[PDB]
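> before the rest arrives, take these chains from my complex:
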Amino acid sequence: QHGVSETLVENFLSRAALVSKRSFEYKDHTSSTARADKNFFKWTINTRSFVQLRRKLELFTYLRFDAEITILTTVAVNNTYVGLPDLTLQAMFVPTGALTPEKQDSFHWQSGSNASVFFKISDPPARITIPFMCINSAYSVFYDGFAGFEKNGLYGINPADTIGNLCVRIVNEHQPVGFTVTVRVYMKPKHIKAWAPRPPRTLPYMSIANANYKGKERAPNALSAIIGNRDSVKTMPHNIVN
């Protein structure tokens, strides 16, 4: 007579978990390097950058969900302190492999067809719903095979599994002091149909591109010993002693 409704996969996986986080600078980028974010960042939307949602979504082989992207923008100041600004941010949704902008004020941000969302810091966080956009009927979470017809393709990375790019910029111009604008993206998968459950991953992750494994140096969660050791098979660790 116990309710089993909390272990539903629609309830199990629909936690709005952190999927992206960049503290990028917000200043005069006339003298900054090429690798640094010049008031914008692209992010290829993947479930794999943070290991807690990843291990939950890697419990299944095939997932059919609607990503409910919630973008939490928060701001800090890089000697003296002044008031935090009410910065307007654009988060333009670019598809996989399409043209992502190269500047803050480039003419790709006009969003003549791309889905953008113009939100502020002092507003509630920008929550959009990105649909099930796989060309297949489910996201191949694990894709045993290769994408390209040649033999140079990446193993495990099906581009149909890839959601897309989330190009996020600050709509405001540069201001005479530098701010550190941290953009946290929270994806809540919903309308979830889950197929083919898998062994939960025990060893720690190495990369987001694959399923490489190293393990800890000692038990628990080591390669030769996943479960932590005890004395003998007839030795009870948490034994009651009275």
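Good, I have the coordinates. Residues are numbered from 1 along each chain as shown, chains lettered A, B, ... in the order given.
> with adjacent residues omitted, what lies nearest to residue A:101?
Closest residue in space to residue A:101, ignoring its immediate chain neighbours: residue A:108 at 4.0 Å, by Cβ to Cβ, 6 or more residues apart in numbering. For every residue, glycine as well, the C-beta is placed using N, CA and C.
> pull the number of nearby residues for the one you found.
Per other Cβ atoms under 10 Å, the neighbour tally for residue A:108 reads 17.
> before we move on, what SS does it have?
With DSSP: H, G, I helix; E, B strand; the rest coil as the basis, residue A:108 sits in coil.
> which residues touch it?
The neighbours of residue A:108, taking Cβ atoms under 8 Å, 6 or more residues apart in numbering as the test, are A:92, A:99, A:100, A:101, A:102, A:167.
> from those, list just the buried residues.
Among the contacts of residue A:108, those buried by neighbour count (16 or more other Cβ atoms under 10 Å) are A:92, A:100, A:101, A:167.
> looking at those, which is nearest residue A:152?
residue A:100 (22.8 Å; Cβ to Cβ).
> and the furthest pair within the contacts of residue A:108?
A:92 and A:102 (13.1 Å).
> so which of the contacts of residue A:108 are in strands?
Using DSSP state E, A:92, A:167 are the members of the contacts of residue A:108 that sit in strands.
> quick one: which of the contacts of residue A:108 is nearest residue A:31?
The nearest member of those to residue A:31, counting by Cβ to Cβ, is residue A:102 at 17.6 Å.
> how far away is the nearest residue to residue A:164 once chain neighbours are set aside from residue A:113?
Excluding the flanking residues, the one nearest residue A:164 by Cβ to Cβ, 6+ apart is residue A:95, at 4.7 Å. As defined by Cβ to Cβ, to the nearest Å, residue A:95 lies at a distance of 10 Å from residue A:113.
> residue A:220 now?
In terms of Cβ to Cβ, residue A:220 sits 50 Å off from residue A:113.
> higher neighbour count, the two?
residue A:220 (12 against 5).
> so what's that one up against?
Contacts for residue A:220 (Cβ under 8 Å, 6+ apart) come out as A:226, A:227, A:228.
> at 6 Å what do you get?
residue A:228 (Cβ atoms under 6 Å, 6 or more residues apart in numbering).
> burial of the residue lying closest to residue A:229 once chain neighbours are set aside, as a residue count?
Spatial nearest neighbour of residue A:229, excluding adjacent residues (Cβ to Cβ, 6+ apart): residue A:219 at 5.0 Å. Residues lying near residue A:219 (other Cβ under 10 Å) number 15.
> put chain B on too:
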Amino acid sequence: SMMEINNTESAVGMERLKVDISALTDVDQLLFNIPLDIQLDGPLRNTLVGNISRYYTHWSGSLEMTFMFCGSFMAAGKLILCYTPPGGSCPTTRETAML
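With chain B added, the chains above now look like this:
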């Protein structure tokens, strides 16, 4: 899903799943005991009943241990699989645990 009852040192890798029982010259000896904390670390952690339950805090319901013997067809013998409800120590002699 398989229990890692042999979670000892010098059990490297796949030796942790199996439990090596042998011909014993003594009488009524202990072979292994299993820490039954589903939520905590132990031989039930890396199981389907254990990895999914560590996503939760409160749990109910019965468990179902299947012990698969992997000796020869000529190997004959008997075991007793005592479940002891808690409160006391882990029972070490057979007369204590068959109760």
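> now with chain B: the neighbour count of residue A:219?
Residue A:219 has 20 neighbouring residues, counting by other Cβ atoms under 10 Å in any protein chain shown.
> try residue A:131
Residue A:131, neighbours per other Cβ under 10 Å, totals 11.
> and it, what does it touch?
Applying Cβ atoms under 6 Å, 6 or more residues apart in numbering or on different chains, we find residue A:131 in contact with residue A:66.
> kindly report the same for the one 3 residues further on.
Contacts here follow Cβ under 6 Å, 6+ apart; on that basis residue A:134 touches residue A:160.
> ramachandran angles for it?
The phi/psi pair for residue A:134 (degrees, to the nearest 10) reads phi -80, psi 140.
> what's the neighbour count on residue 93?
Because you didn't say which chain, this covers chain A. Neighbours of residue A:93 (other Cβ under 10 Å): 20.
> nope, chain B please
Residue B:93 has 10 neighbours, counted by other Cβ under 10 Å.
> now residue A:129
Residue A:129 has 12 neighbours, counted by other Cβ under 10 Å.
> so it makes contact with residue A:67?
No: taking Cβ atoms under 6 Å as the definition, residue A:129 is not a contact partner of residue A:67, at 7.5 Å.
> how close does the closest residue in space to residue A:9 that isn't next to it in sequence get to residue A:105?
Among residues not flanking residue A:9 along the chain, residue A:194 sits closest, at 4.5 Å (Cβ to Cβ, 6 or more residues apart in numbering or on different chains). Separation of residue A:194 from residue A:105 (Cβ to Cβ): 43 Å.
> of those two, who's got more company?
Between residue A:194 and residue A:105, residue A:194 has the larger neighbour count (other Cβ under 10 Å), namely 20 against 11.
> for that one, give me phi and psi.
Dihedral pair for residue A:194: phi -120, psi 130, per degrees, to the nearest 10.
> before we move on, the earlier item: what's the spacing between the residue nearest to residue A:9 and residue A:10?
Where residue A:10 is concerned, residue A:194 sits at a distance of 9 Å (Cβ to Cβ).
> helix or strand for residue A:54, which one?
helix A:51-57 (DSSP states H and E).
> CA atoms only for that helix - export them in PDB, please.
The C-alpha trace of helix A:51-57 is given here as PDB (Å, rounded to 0.1, in the frame of the first residue of the first chain):
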ATOM      1  CA  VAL A  51      28.400  14.100 -13.600                       C
ATOM      2  CA  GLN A  52      25.200  13.900 -11.500                       C
ATOM      3  CA  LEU A  53      22.700  14.500 -14.300                       C
ATOM      4  CA  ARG A  54      25.000  12.500 -16.700                       C
ATOM      5  CA  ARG A  55      25.000   9.300 -14.600                       C
ATOM      6  CA  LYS A  56      21.200   9.600 -14.300                       C
ATOM      7  CA  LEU A  57      20.700  10.000 -18.000                       C
END
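> extend the structure above with chain C:
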Amino acid sequence: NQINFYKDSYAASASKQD
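Below, chain C sits with the chains from the block before:
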């Protein structure tokens, strides 16, 4: 929760009815 004032069927809440 039955509030879905959008024209898209995927835009609804998480269908936790089972």
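> same as before for the neighbour count of residue A:129, with chain C this time.
17.
> spit out the contact partners of residue A:77.
Residues near residue A:77 by Cβ under 6 Å, 6+ apart: residue A:179.
> distance of it from residue A:173?
17 Å.
> coming back round to it: quick check: next helix or strand after the helix holding residue A:54?
Following helix A:51-57 toward the C-terminus (DSSP H and E): strand A:60-77.
> just how off-centre is that next one within its chain?
With Cα atoms, centre = their mean, to the nearest Å as the basis, strand A:60-77 stands 6 Å off its chain's centre.
> stretch B:74-86 too?
Between the centre of stretch B:74-86 and the centre of its chain there are 10 Å (Cα atoms, centre = their mean).
> and that stretch with chain A, contact?
No: Stretch B:74-86 stays clear of chain A (Cβ under 6 Å from any Cβ of the partner chain), getting no nearer than 7.1 Å.
> show me what counts as buried in that stretch.
Within stretch B:74-86, no residue is scored as buried using 16 or more other Cβ atoms under 10 Å in any protein chain shown.
> how about residue A:115, phi and psi?
Per degrees, to the nearest 10, the backbone of residue A:115 is at phi -80, psi 120.
> flag every residue of chain B that's near chain A.
B:4-9, B:12-13, B:30, B:32-33, B:35, B:41, B:45-46, B:51, B:60, B:88-90.
> closest residue of chain A to chain C?
Nearest residue of chain A to chain C (Cβ to the nearest Cβ) works out as residue A:190 at 4.0 Å.
> now for the helix or strand where that residue lies, which elements pack on it?
Here residue A:190 sits within strand A:179-197, counting by DSSP H and E. If contacts are counted by 3 or more Cβ pairs under 6 Å, 6 or more residues apart in numbering or on different chains; DSSP states H and E, strand A:179-197 sits against helix A:9-12, strand A:17-26, strand A:60-77.
> any buried residues in the second one, and which?
By neighbour count, and taking 16+ other Cβ under 10 Å as the criterion, the buried residues in strand A:17-26 are A:17, A:19, A:20, A:24, A:25, A:26.
> as a quick check, tell me the outermost residue of chain B.
Using Cα atoms, centre = their mean, the residue of chain B lying farthest from its centre is residue B:74. It sits 24.2 Å away.
> nearest the geometric middle of chain C, what residue?
For chain C, the residue nearest the mean C-alpha position is residue C:12 (2.2 Å; Cα atoms, centre = their mean).
> quick check, that one in contact with residue C:4.
Yes: with contact defined as Cβ under 6 Å, residue C:12 counts as touching residue C:4 (4.4 Å).
> how many residues are close by residue A:169?
A count of neighbours around residue A:169, defined by other Cβ under 10 Å, yields 26.
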